[PDB]
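Just below is one structure, and these are the notes that go with it.
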There are 2 protein chains.
Amino acid sequence: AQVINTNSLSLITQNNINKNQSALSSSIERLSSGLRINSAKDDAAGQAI
Amino acid sequence: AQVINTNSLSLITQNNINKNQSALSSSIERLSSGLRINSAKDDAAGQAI
């Protein structure tokens with residue numbers, strides 16, 4: 001290898017997984033909850049209606 | 001052989017070894033730590049950035 005001070009590829013991998021973790025959490029919490037809005041974290045325009 | 005008081009070629013050889021010694025020491029210290037800069041006796045722009 002060339003760089004040993006930092007494993008930049010590992011940083012890219014972690015950055016990629018962090019985004020997918022949010023989608024996983026949102027999917028699980030929306031599946032558990034009956035309501036689609038799930039506590040107004042989404043757009044509130046339909047939430048008020 | 002002509003004279004024995006001074007062995008000039010020996011001194012020139014010593015100068016060559018001393019010149020190589022700096023490169024050897026720099027190589028060892030740079031291999032020791034990941035940082036390429038390593039307390040830059042080198043150019044200081046990169047360390048500033």
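Every read-out reported here was derived from the displayed coordinates using simple, explicitly stated rules and does not represent laboratory data. Cβ coordinates were reconstructed from backbone atoms using ideal geometry, including for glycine residues, and neighbour counts include every protein chain displayed.
So, in the range B:24-44, exactly how many residues are among the charged types (D, E, K, R) and assigned to a loop (DSSP other than H, G, I, E, B)?
4
Select, from A:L31, A:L11, the only residue that is of a type outside the set (G, A, S), more than 14 Å from chain B (Cβ to nearest Cβ) and over 30 Å from B:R36 (Cα atoms).
The unique qualifying residue is A:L31.
Do you know which residues across the range A:22-48 are polar (S, T, N, Q), under 13 Å from the mean Cα position of the chain (by Cα) and exposed (fewer than 10 other Cβ atoms within 10 Å of the Cβ)?
The one that is polar (S, T, N, Q), under 13 Å from the mean Cα position of the chain (by Cα) and exposed (fewer than 10 other Cβ atoms within 10 Å of the Cβ): A:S22.
Residues to consider are A:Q2, A:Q14; find the one that is part of a loop (DSSP other than H, G, I, E, B) and closer than 30 Å to B:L31 by Cα.
Going through A:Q2, A:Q14 in turn, the sole match is A:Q2.
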